[PDB]
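What follows are structure tokens for two forms of the same protein chain, given separately as structure 1 and structure 2.
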Structure 1
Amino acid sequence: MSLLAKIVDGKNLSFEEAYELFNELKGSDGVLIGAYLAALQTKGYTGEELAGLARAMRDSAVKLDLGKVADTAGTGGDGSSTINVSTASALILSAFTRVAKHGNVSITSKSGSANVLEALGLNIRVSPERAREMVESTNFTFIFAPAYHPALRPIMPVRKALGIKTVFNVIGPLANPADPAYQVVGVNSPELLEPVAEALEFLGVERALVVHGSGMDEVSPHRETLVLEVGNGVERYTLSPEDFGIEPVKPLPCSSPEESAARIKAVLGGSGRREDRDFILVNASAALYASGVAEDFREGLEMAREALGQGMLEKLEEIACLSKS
């Protein structure tokens, strides 16, 4: 109970202490888990704490060694309910480089990653061998978090009972057991930009963008996006739709995973609504930039827009087929 006492007194844990905190949490009674999650949330987190917890979560996870891979994710929470751009970006990115998309840590999955992918015809539960098969021949696989993180099984009831944002919203994206070399990570508030960028440094990522787009855990196609770039230290800069070569446009809402799937598929096949296409493309651009496929965000968008068409729809068919074979 000394770690709890440390947290309640307003003291930030070390990396090593946060690592041991995860391991205490996975074998604790619900009462103590609840106390820890609530207390840590009230205090707020540093990058060392996030990194420690994330490292522990990865170490406890079902083992998989795909290549050097990229991943795109968000903390979620957010507020508004738009289409799942991190899924579309990950699919578009697989046209250029190896992608291992880590699944939704949160239960609130309306227009959510696993759900959109199921609706697009994938089997979302894939063994580590099947995952490797999928990355070798299609450059895409999906890592479904409940399947790959058995240590969370006792944590999940406690997260439902509490019904608040916890640290598990934030470390979900940082706990991909494939150890992605490249990451785009969206955060729901500007206050998570610094901790999350720092945590990705501790986790030894090659290149990463931590993004916040004016109230969204995504790159905005309308107003400005705050970016922290991790790689040669940490670099802060601001983007706008002009930087991707598009006219500002407001993304429009989404009702259900089936609506999400159809709109994404429309965009992936070279068609779809402008507000969906440009929103997906600015997020795809960031992912191509983070992966080192594109030199800048304008080129990232150019390349992603050109990947859209019949070839992307047959790529999606082959991913689906291969997930169920």
Structure 2
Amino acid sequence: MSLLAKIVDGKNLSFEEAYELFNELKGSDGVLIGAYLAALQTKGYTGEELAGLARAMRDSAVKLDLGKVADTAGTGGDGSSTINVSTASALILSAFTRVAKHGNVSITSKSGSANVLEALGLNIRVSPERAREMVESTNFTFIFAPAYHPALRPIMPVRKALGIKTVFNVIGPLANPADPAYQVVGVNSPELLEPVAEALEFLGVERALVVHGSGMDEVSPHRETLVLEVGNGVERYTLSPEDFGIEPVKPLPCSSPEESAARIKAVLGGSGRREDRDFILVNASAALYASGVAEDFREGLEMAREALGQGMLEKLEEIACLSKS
């Protein structure tokens, strides 16, 4: 109510106040949660607010011990139904470095990455100890957010009932309890680039890219991508598809997680639609760059492309098998 009055008055919360707010929401009646989420969304976000809420959400999560990991994500998925490039990007990145992909419920309350990974044969809820074995054996695991954030249990039905976007759509990608050192975070509108970048700074990420490509929460293979790079301060620049060494190409629509899975798998084995391949590769390139395995985006695409083939399909089947053990 005090924090609610401050928000309703248009005042931005401090990092500490936002950390407190998560713990208040955690134990609040639905009426108060609804009020906080609608008011907060009407006001808008600062980086300090996103980071405080996200840090409190990590601290309340099921604990993970996965070492130094990378993640790639979007606050949506969002917009059109295109293939799930953050999932494909995370799988390609595991050829190079440890990945713990956080999943990351959509506005429908379902995780698009969780549906795609299930279609690729994963059991998507794994224990913390299964997750550690997955990373140690394959460099990859999937952390399904509803399973790792029991504190959100009273919040989920409120988010469902309100139907509007809320702060939880933005902090989802910031709330990975593995504490990723490296992150790609796509955002669904350009006004979120600066607060999300500042929040990653507040959270101590070693290197991150916050991207907004052709109006979507991903790197575009077709038009310009706005980028904020975090790690030496915050740097702003714009990428074009030519910076990755591809010709511009428009992504093609997708109707179901099953189709999304099949098209991603075909790319991973070195085949697939050229439009899917180049869309996946520019996003994989950004993940390799953010995790320091590539020095620039042209090299990141070149290295990601060389990893596709039979070995990548073999990695995928052992990830699937290990997740069901």
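For residue numbers, the reference is structure 1: its sequence is counted from 1. Superpose the two forms; the largest set of C-alphas matching within 1.5 Å is the rigid core.
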Open item on the list: Which one moved? Candidates are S111, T97, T138, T166, criterion is a Cα shift of 2 Å or more between the two structures after superposing on the core.
Closed with: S111
- [ ] Any chance you could measure the C-alpha shift of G47 between the two structures with the core superposed, in Å?
- [x] 0.1
Task: Core-aligned Cα shift of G77 between the two structures, given in Å - done: 6.2
Open item on the list: Keeping the rigid core superposed, can you check how far the CA atom of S214 moves between the two structures, in angstrom?
Closed with: 1.8
